[PDB]
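Asks: sequence, then the experimental structure. Questions to follow.
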Amino acid sequence: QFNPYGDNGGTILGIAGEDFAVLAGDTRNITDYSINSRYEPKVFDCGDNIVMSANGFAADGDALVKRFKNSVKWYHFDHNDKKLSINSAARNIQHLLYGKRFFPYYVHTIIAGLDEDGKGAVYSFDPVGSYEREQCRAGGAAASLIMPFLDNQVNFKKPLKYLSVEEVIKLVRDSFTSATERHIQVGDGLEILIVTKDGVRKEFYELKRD
Amino acid sequence: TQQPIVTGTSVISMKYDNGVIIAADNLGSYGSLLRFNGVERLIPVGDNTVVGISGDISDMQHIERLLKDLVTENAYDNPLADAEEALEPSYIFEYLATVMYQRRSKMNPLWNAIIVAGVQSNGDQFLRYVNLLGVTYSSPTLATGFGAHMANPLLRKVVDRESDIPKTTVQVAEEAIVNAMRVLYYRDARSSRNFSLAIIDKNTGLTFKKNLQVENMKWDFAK
Amino acid sequence: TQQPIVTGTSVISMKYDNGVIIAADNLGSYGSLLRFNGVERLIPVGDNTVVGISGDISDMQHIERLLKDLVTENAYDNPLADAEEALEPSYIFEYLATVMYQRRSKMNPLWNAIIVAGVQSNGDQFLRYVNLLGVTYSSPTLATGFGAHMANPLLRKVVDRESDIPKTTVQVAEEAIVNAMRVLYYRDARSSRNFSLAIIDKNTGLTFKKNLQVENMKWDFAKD
Amino acid sequence: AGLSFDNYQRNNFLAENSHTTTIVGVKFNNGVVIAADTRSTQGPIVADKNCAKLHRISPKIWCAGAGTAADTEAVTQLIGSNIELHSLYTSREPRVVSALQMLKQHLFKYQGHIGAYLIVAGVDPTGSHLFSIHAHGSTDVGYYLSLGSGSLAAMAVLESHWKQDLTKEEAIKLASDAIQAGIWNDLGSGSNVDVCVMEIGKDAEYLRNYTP
Amino acid sequence: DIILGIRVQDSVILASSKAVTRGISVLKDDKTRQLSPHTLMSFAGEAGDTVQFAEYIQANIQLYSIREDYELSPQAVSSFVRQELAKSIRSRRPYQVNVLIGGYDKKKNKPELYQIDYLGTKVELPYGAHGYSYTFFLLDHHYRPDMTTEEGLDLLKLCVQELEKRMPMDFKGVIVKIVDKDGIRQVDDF
Amino acid sequence: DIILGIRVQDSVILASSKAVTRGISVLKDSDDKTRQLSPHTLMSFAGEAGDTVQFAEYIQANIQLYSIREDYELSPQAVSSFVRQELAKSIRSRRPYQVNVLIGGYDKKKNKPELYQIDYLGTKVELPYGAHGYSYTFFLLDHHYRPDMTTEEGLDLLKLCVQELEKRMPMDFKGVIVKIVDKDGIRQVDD
Amino acid sequence: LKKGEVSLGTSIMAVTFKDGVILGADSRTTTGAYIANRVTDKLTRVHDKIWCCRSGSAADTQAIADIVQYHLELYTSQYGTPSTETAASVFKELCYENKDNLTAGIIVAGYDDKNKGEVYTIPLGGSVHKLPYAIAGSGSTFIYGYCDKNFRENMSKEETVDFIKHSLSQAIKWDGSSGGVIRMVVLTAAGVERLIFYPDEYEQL
Amino acid sequence: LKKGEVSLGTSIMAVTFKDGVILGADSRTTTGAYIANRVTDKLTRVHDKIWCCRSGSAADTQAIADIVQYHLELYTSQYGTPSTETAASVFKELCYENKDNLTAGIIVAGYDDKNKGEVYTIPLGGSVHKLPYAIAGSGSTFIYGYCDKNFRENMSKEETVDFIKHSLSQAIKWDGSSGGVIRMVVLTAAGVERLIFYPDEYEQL
Amino acid sequence: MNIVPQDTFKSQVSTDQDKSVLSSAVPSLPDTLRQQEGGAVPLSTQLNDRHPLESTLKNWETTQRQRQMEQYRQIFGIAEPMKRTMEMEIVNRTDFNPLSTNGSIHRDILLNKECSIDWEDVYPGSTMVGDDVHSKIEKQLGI
Amino acid sequence: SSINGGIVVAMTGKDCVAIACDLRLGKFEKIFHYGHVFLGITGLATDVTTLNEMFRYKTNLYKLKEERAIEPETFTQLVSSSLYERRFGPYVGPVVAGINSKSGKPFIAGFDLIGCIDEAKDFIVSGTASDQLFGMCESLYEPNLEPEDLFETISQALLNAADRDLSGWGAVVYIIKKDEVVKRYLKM
C-alpha cells in the first residue's frame, strides 16, 4: 500500500495585537533526521493584507495555498476588485479544507490579518476545516515549548492589548530561540510577517544552526 | 506503480557564482544485479535547463517523453522558440511538480526524485527538488538518495549559505562535485564508476560532459 | 531439520522372479539451481542389500554414517560375521524405520524417503519403503517423489500382482526401469540425465552400475 | 543468578492491554584517535547539551557505543572489570585483542539480545588497534570507522581526506571535522566534540569540548 | 462476584456474594477465609487460583500464629499477602484476583481495611468495592469516619438494595461478616 | 429492540418496546418503531438504526402511493410480498443490515386476520405468532396458544409475556406499546 | 503475477552479427517442478523479419504480441515495412501502459535494409533498451559473465551460432527450468532461417 | 538469519592446481545498500596451511572458526600438523549439529604432504562435498557457466591465478555486494603466499 | 559438539516430578505450603510462554564445558575427561556451607575463572518454611 | 483505586535541592528518604512499592556495614545496578536528589526502566505526559536560586501544570538544604 502522506516538521506562531497581527515560522525544511533546506518559507502573503501558513505535510500546504490564491484572484475578477475580508477568507479556507473530508490535508493552518474594525485577527484551522479566532496560536512540534514561555512573559487578560509590534517581535524571537535550544527540529532561521494598515512587512533572523 | 524495478541511485547539484552544476551516474540496477550500463539520467531541456531524475527507469523515460512533448508544443506556434520565447527552468519545474502531485493524489505516483537546474533569462540560478509525494524545496546544494546523506555535507562545506554563492568559482564547484561522486562510488553498492556532468553558465551556455570516470582511487592501504 | 536445502529427485525399484532392481539419478539441486553432479544416492549395505535415499543431502549423509556404523558394529568382535551373521535387509530396514519414527516423535525428523531392497537369506526378495513420518509399507514396485506418480504406472503394468513376480525376468524389469528413468528425465525439471542402477540377484549376488545415461531420446518431432 | 527473567509474562500481559549521535575512529601512523559528539536527546527533546560519550575500558583502551545506552554502559563496565582483573593476574599491559575477544564472546552468548554497537580503539605493546563490534557478536577491523546516525556524513568526510601516513595533528583535525560535519548535517548530533588520542609509549590524552 | 468493605470507626464490615460457578445451578460461604481471630479476608476473581491463594495465605498465617503464640497485626498480614501475591505471578501470566483484608488492631484498638488488586497494589481505604462496573457514589456521598456499626449496616443494606434492582434471579443474596474487638461475627438479618 | 405479534381469531395484536439509544436519555410518548401501512395493515420493525427507519418509510410511501392511485387497499398478502421483494432488492448490491419485520393485517375480502414475519435476508413466513429481539418466550406462547382465542385472551397472554420479559430484563425494560388491528381498523391500547 | 498462472521461465538470447541478427531460445515450459511442455516454440513472430521472445505471464505476453502483430499489419498496409524501432516502441507502450495489471517482458530482434538488424529489450516495468546483444529469463543469470567474455562486434554467422549455442547450453545445464532443444532464427538480407539443435549436440560442448 | 544480523554477501573461489590450492575472495561488507567496509580480510586462517572463507551469519561463522582453530591447536599439540580432511570434518560436525540455531557455510582450502592440497565445501545445512574447485556467495551465481567452461585439471600457478582473477572480476562486475580488491592465498609445498589485485588491474582484463 | 544449548524442553511431566517437595500425607502430590512459590503456580504454567533466551543462558556454561570434554575425549582420550570430572566432583562434594551460596575458590580455579566476572557473579540472587540449616542438611545427605 | 502514574520534578538551587511530587488526595506518597537522599518513583504503583522496600533493605544493610549514611552518587549507582538486574523483566521513572554531606554540592539525576543514568545540572521531570510540565519548568527555571526562590519556582510550575489538567489534586514539596529539610503541602 502506497503511503501518500509525510511530515516535514517546522513550527509556526500567530499573535494578534490591538492594531496589528504577527505570523512567524521557522525556515527549515527537514525529512527524518536530515535537513532538506535551511531556508524554505512557510508563511505567505495571500493577497489583501492576509498572511497564511499551513504546517505539516509540505505538499498539502503548498496545494492549499495555491488553491486559496487562485480563489482570491477569481474573487477579485468577479466583484469589482473588492477587498476580501479576513472572515470571508477564513470561511473560504474552511470550505477548501472540508472539500477533502475523506482524503484530508495533513496540515494545520493559521491565518492572520485585520478585521473590519481594524484590530488584529488570527484564525486557526484543524486539518478537516474547523476553525476559530484566537489571540495566540502555536503549531508544529514546538508548541509545548513556546506557549508556556509566552504565558510566563506576558498576560492575555503586562496585558497583551498594550503591547507594541517591537515587543511582540522580541517575545517571538526569544521563544523561538528557547525552542531552538531545547528542540532539535527547530532552528536555522525565523521569518516573521507583520500585518498593519500599511501592509505586510517581512523580517528574518538567523537561529543556532547556520 | 508499487515499487521500482530498474532504478537509478543519486543526482547531485550545486550552485556557483555564475550558474549551476549537476551530475549523475549511468546505471540501471535490477535489484542487487547491476544490469544496464549506459543509461543517461540527465535530460537537457532547452539550451539552459537540465533535469536529473533518480529512481524507476520506466517512469524516467515517461518523464523524458513529457519533456519532449512540452518542448515540441512550445514551438507551436511560436516563431521565437529559440528566441526569448524559450522555456525557462521555472516553467518546466512548475509543470513537473504539478504532474507529480496530481499523480500522487491519484494513488499512482511516479517513483522518482527530480532535480531541475538551470539559469533564468535574467541570469538567476534555478535549482529545485521534487519527489513522488510532490514535496518541493530549494537549496544552494541538492542531492537524492545516498547523495542526500554523503555528498550533501561535502557540497555544503563549499557553499554553506546564500552569501557563499558569489565566492564559489566554477572550478571549485566542479572539483567538489567530482569528489562527491567519487565518495558515492566508494560507499554505495548500487553506484557506478561512469557518470555524466552538466554545467549551465549564464555566459558560456550549456556544457554536457559524458563518459566521465571516477579516478584517483585509494586502495593501497590493505597490505 | 526444519526444511531441506539440497535435495534429490526420486528412487524407483521393483521385483523380478530372481531378485530386485533399484535405480536413482545423481544430482544435488540448490533450490532451482542444479549445483552438484556427483551425488550418489544408492548405498550398497552389506552383501546383498541396497538403500536408496531421496531428500535432504545432510540427512542422507547422516543416514550413510549410521549404516556404516551398523556394518562395522555387526562385524565387531566377530571373526565369523560373514556367513551366518551377515546383515539381512529386514534388520536394516527395521532399524531405519525405528530411527525415523523415534526422531519424528522428537519433533526433529529426517527429511528423507528411504527404500530398502535386497534378497533375504532364504532367497526371498525384500523391498520396503519408509518416509520422514515413520510410516512404512511394502509393494512389488516402489517409488518416491515424482516417480510415485509417473514411474509407478509404468512399472505396475509389468508387475501388477504378487503372482506376476515369477513371470517377470531380469531383462524385462531392467528395461522397464530404464524406460521409467527416461520418462522421468523427460518430465522433471529437477531430474538429471545420469543415474545409477543396482541389481540384487539370488544367483549372481549383486551388480552395481554407475555413470548410466538416458539414451534413445526422441526430439526429431520438434522440427515441425 | 545473573540477569532475571521474572515478570516477563506480566510485562507481556500489560503490553497486550495497552500499558506502556556521531562517533568516529581514525588510525594514524603512531596511534589512534576516537572522537564523538556531546548531545543526548530523549527523542525530539535535547536532554543534555554536554554529555561524555567516550568511555574507558583500560587506561589506553577506549570505546564509544550506540544502540541501547544501558546495555552499552553495562557491557563496557563488565569488560573493563574483566580486563583489569586479567592485567592484575598476568602483570602485563592489557591488549585490545583480549578486550575484543571478551566483548565478542559475551555478545554472542546472548544471541543479539544485548544491543550494543561499539567502536573500540586502543594502544598496547603490540601496536595500535581499532575495531568495530556489532550487537550479534561480529567484529571488523578497519583504519577509519564511523558509527551513529551521523555516520554517513562522517564517513564521507573521512573518505575525502584520509591517507596512509598521517601525523597526530592531521588525525585530530580529521576526526574533529568528521564530527563537525555530523553535527551540522544530522539532527541527532550537536553541541561540542570530545576527542581521545592514544599514541605508542605515551599516556592517553582525553580532551573534552575540544571544539565548542 | 462483588466484594464490599466498609470501615466504621470501630469495626470492619465485609460483604460478598453467596455462590456462582459456570452455568451450573447449586443450592449451598466460599469467598471469605478467617485468617486470624480478628482478621478476615474476602477474595474475588478467577475460579481455581483465588481459592488456592487464599488457602495458602490462611495456612501461612495460622502457622505463624501457632509458632509465636501471638496474633499478627492487620498491617503485617496485608503486607505478607501483597508480597505473596506479587511472588505468585513473577513467572506466569497474571490471574484476576482482588483481596479485601479487614482487621481490628488490638494494640492500637483500631479497625483497618486494605485492598489488593491482581498486580499486588496494597491500598488502605475507608471503603472498598470490587466486581461492580457506580456503587462508589453511595459509598462516597453518605460516608463518615465516625459512623457507628448500625449506620454502616444501613449503608450496606442500601448498597445491597441497589444491587438487587438491576440483576436477575441469580443474585442469591449477600453474606455479611463483622470484625471488631469481640472477634468475628456473621450477620443473618442484614 | 423486541417486537411481538399474536394472531387471534378476529384480530392481530402487535407489541413493541420503547426505543432507546446508547448513552442518550430520552423522555417521550411516541411509537417510532411502527408505521401504519394502511388503515387495516400495520408494520413493526426492529434492527440497525437508520437503515430500518428509512426502509419502513420507503415502504409506507410506496403503499400510500398505491392506495391513492388505485383508490383501493392492498391485501396483507400483497403488502407482505411487496415488502419482501423490496427488502431483497435493498441488499442486492450492499452488505446486508439487521432488520426484522412483523406485518399484521385484517383481510376484508377474506374477513380474517393475518400475520407475517420477514427476516434480514428477505424470508417471508406466515405465522400464528412471532417474536424478535431477545434470544424463553416461545415455550410460553406454545403452551398457551389456541387458534380460536379472543382478543382478551390474547391480551392476557401478551401481558404474561411482557411480565416474563421484564423479570429477566435488569429493570431497564420500559413500557410496551400495544396496537390491535381488526375489522374496525388499527387502534392503540393504553392499558 | 496472479496466482495459478503460467510463468515463462526460459533462456532467451539475441545477438547482432555482421550480416543481421540471431534470436535463440530453449523449448521448456514448466509448472513448478513438472515440465508441462518439453517442445515449445518460443520464437514468436510479429512481422516477416521482426521476431520476439516473451517472458513473465504467458497470457499477457500472448495478448500483447497479438496486438502488436495487428498494429504492424495496419502499418504495413499504410506505409510498408516497419523498422524494428517502431515494433519496439509499440511493445514498450503496451507493456508500460498496463504494468499495473499485466506482467510482461519482451526481447525484440529485427532486420531492415537501413539499420541492418537490431536488438531491443523491454524488461518488467516497461523500459526499453537497445543493446548489441541481450539475454533474459531465469536461466540467464548463470551465463552473464560468460556472455560478457565471448561477445565480439561484427562476428560471422558461424561464430554467432557457436556463441549462442554455448551460452544457451550452459544456461540449460545450470537452470532447472531451462532444457530441451535450442531454437534459433537467423534474420539477414537473404531471408529467415530456422535452426534447431538437439541435446546430444550441445551437451558435448 | 536473524533480524538486524549481518550477512556475508561475498564472492569466494577455491581452485586446486598442480602444485597446491588457491583461495580467493573480494573485500566488501554491505548493510543492504550501504558499504560498511570497503576493505575486509575474508580469508580466515584456521591452521598454518588450512584456510577458509565464510558465508551466512557473520557471528556464527566467526564462532565456528574460532572453535575449529582451538580444536586444531589441541590436535597439533598431540599429533602434529593435521590434514584438510580433519578440519573439514570438524567444520561439518559443528555446522550440522548446530544447523537448527546457526546459519553458516564454509569453503575450506588446505594442503598437506599426503593429499597435496584439497578443497571442501560445506553449504547451508551441514553437508561436506570434496570438489576440484568451489565457488560461493551472491556473485558466484553469475560465473557458473564461465567457470564450467574455463576449468582444467593440473593447471600451472599463473593459469590458476588468471582464472580466479577473471572469474572474480566478472562476479564483482555483475554483483552489487562484491567489492574492490581481490585477495588470494596460495597454499603449496614451498609455503603460503598472499596476493592482492586492485580494481584498476582487473577491470581492464 | 554443541554451541547453543539443545534439547532443553521436557518430554514428560508428572505431579511428583520434584521428589524434594513431596507431601507426606499424599506422596503422589506436591506440597504447596513447603514450596513457598505463592500457592497459585501449577506446573503446567512452566511449560508455556517462556522467554526464548532463558534456557540458552541457564545451560550455556554447561554446554561449553561438555563440548570441551568431548574435544578432550576425541583428541586426548578418556583419561583426561575422566580426571577433570573426578576433580570437579571431589571439589563439589567436600564443600558444604549452608550459610552461603558463593562458590569455592578451588572450583573457580578448576573452571579457569580466577579473574573472570559475569553477570551471574554480580547478581548471585521472610519465608516461614524450609529456609533453615536442617533442610539443606536433609537435601545434601538424602534424608 | 487507580494510583498508577504521576509527576516528579527535581531542581537544584544555590546550595539546595527541591523535589516535588503530585498527589491524589481523594496517603500514598511517591517520595521516600533513606537519610539525606530522596527518591521519587513514577509509574506502576506495585513497582514503586517494591523498589521502595528493596532500597530500604539495601540502605539499611549499607548503613549497618559501612557505619555511615550512603551518599547520593553511591545511591544513584546502586539504583542503576538494581534496575539493570531485571534486564528482561524491567519494572518506572526514578529521580534521585540530595546534597553530599562532605562536599555540599547538590545532586539530581534520573533513570529509565533499565537503569540508564541522566545527570542534569538544571532540572529533571519524570511522568507520563512530561510535555506541558516540561515546558513550564523550562520557562520558569533560573540557575542559582535561593531556597525560597527555588520553592516559589517549583510550586508555580506544579500549580501551572495542575491548572492545565482537579478537585482532588495536591502536591508534596521537599526543600533540602545541607542541615535542614522542609516538607510542605500544596492544595491548589
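Replies: Perfect, I can see it now. Residues are numbered from 1 along each chain as shown, chains lettered A, B, ... in the order given.
Asks: so which residues on chain D come close to chain H?
Replies: Contact residues (Cβ under 8 Å from any Cβ of the partner chain) of chain D with chain H: D:104, D:107-108, D:111-112, D:134-142, D:152. Just so you know, the C-beta spots here come from the backbone N, C-alpha and C atoms, and that holds for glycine as well.
Asks: out of those residues, which end up buried?
Replies: Neighbour-count burial (16 or more other Cβ atoms under 10 Å in any protein chain shown) is assigned, among the residues of chain D next to chain H, to D:104, D:107-108, D:111-112, D:134-140, D:142, D:152.
Asks: now, which of these lie within helices?
Replies: If you go by DSSP state H, those have D:104, D:107, D:108, D:152 in helices.
Asks: and stretch D:76-83, does that touch chain I?
Replies: Yes: using Cβ under 8 Å from any Cβ, stretch D:76-83 reaches chain I at D:78, D:81, D:82.
Asks: out of those, which one sits closest to chain G?
Replies: residue D:78 (47.4 Å; Cβ to the nearest Cβ).
Asks: what about that closest one, neighbour count?
Replies: 17 (other Cβ atoms under 10 Å in any protein chain shown).
Asks: circling back: the buried ones among the residues of chain D next to chain H into a markdown table, with extra columns for distance to chain G?
Replies: A markdown table is the format used below for these (distance: Cβ to the nearest Cβ, whole Å):
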| residue | distance to chain G |
| --- | --- |
| D:104 | 36 |
| D:107 | 36 |
| D:108 | 35 |
| D:111 | 34 |
| D:112 | 32 |
| D:134 | 30 |
| D:135 | 34 |
| D:136 | 30 |
| D:137 | 33 |
| D:138 | 29 |
| D:139 | 33 |
| D:140 | 29 |
| D:142 | 30 |
| D:152 | 29 |
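Asks: the residues you listed: which two are farthest apart?
Replies: D:111 and D:152 (28.5 Å; Cβ to Cβ).
Asks: nearest residue to the most centrally placed residue in chain B in space, please, no chain neighbours.
Replies: Of all residues in chain B, the one closest to the mean position by Cα atoms, centre = their mean is residue B:52, 2.8 Å from it. Of all residues not flanking residue B:52 in the chain, residue B:11 sits nearest, at 3.5 Å (Cβ to Cβ, 6 or more residues apart in numbering or on different chains).
Asks: which residues touch the residue nearest to residue B:38 when sequence neighbours are not counted?
Replies: In space, and not counting its chain neighbours, residue B:38 is closest to residue B:26: 5.8 Å by Cβ to Cβ, 6+ apart. Contacts for residue B:26 (Cβ atoms under 8 Å, 6 or more residues apart in numbering or on different chains) come out as B:37, B:38, B:39, B:40, B:41, B:192, B:194, B:195, B:196.
Asks: same question, residue G:53
Replies: G:10, G:12, G:14, G:23, G:25, G:42, G:43, G:44, G:106, G:107, G:136.
Asks: of the residues you listed, which belong to strands?
Replies: Judged by DSSP state E, the contacts of residue G:53 include G:12, G:14, G:23, G:25, G:44, G:106, G:107, G:136 as members of strands.
Asks: residue D:100: which of these is nearest?
Replies: residue G:136 (47.5 Å).
Asks: what is the burial count for that closest one?
Replies: 23.
Asks: could you find the closest non-adjacent residue to it?
Replies: Nearest residue to residue G:136, sequence neighbours excluded (Cβ to Cβ, 6+ apart): residue G:12, at 4.3 Å.
Asks: residues near that neighbour, how many?
Replies: Residues near residue G:12, counting by other Cβ under 10 Å: 28.
Asks: pretty sure it contacts residue G:55?
Replies: Yes: judged on Cβ atoms under 8 Å, residue G:12 makes contact with residue G:55 at a distance of 6.5 Å.
Asks: what do those two both touch?
Replies: With Cβ under 8 Å, 6+ apart, residue G:12 and residue G:55 have common neighbours G:107, G:136, G:137.
Asks: from residue G:64, how far off is residue G:185?
Replies: From residue G:185 across to residue G:64, the span is 19 Å (Cβ to Cβ, to the nearest Å).
Asks: and residue A:34, how far is that from residue I:121?
Replies: Separation of residue A:34 from residue I:121 (Cβ to Cβ): 45 Å.
Asks: spatially central residue in chain G, please.
Replies: Nearest to chain G centroid, counting by Cα atoms, centre = their mean: residue G:53, 3.2 Å.
Asks: ok, now how distant is the nearest residue to residue A:59 once chain neighbours are set aside from chain H?
Replies: Leaving aside its sequence neighbours, residue A:59 sits nearest to residue B:134 (Cβ to Cβ, 6+ apart; 4.0 Å). According to Cβ to the nearest Cβ, to the nearest Å, residue B:134 and chain H sit 25 Å apart.
Asks: please apply the same query to residue G:24.
Replies: Distance from residue G:24 to chain H, by Cβ to the nearest Cβ: 15 Å.
Asks: can I assume that residue is in contact with residue G:183?
Replies: Yes: counting by Cβ under 8 Å, residue G:183 is a contact partner of residue G:24 at 6.8 Å.
Asks: helix or strand for the residue positioned nearest the centre of chain D, just tell me which one.
Replies: By Cα atoms, centre = their mean, chain D has its centre lying nearest to residue D:64, at 1.6 Å. With elements taken from DSSP states H and E, the one containing residue D:64 is strand D:61-67.
Asks: that strand - contacts with which helices or strands?
Replies: Here strand D:61-67 touches strand D:22-28, strand D:31-37, strand D:55-58, helix D:69-90, strand D:116-124, strand D:144-148, going by 3 or more Cβ pairs under 8 Å, 6 or more residues apart in numbering or on different chains; DSSP states H and E.
Asks: make CSV out of the ones you listed and add distance to residue A:187.
Replies: Output for those, formatted as CSV (distance: least, Cβ to Cβ, whole Å):
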stretch, distance to residue A:187
strand D:22-28, 17
strand D:31-37, 16
strand D:55-58, 29
helix D:69-90, 25
strand D:116-124, 28
strand D:144-148, 20
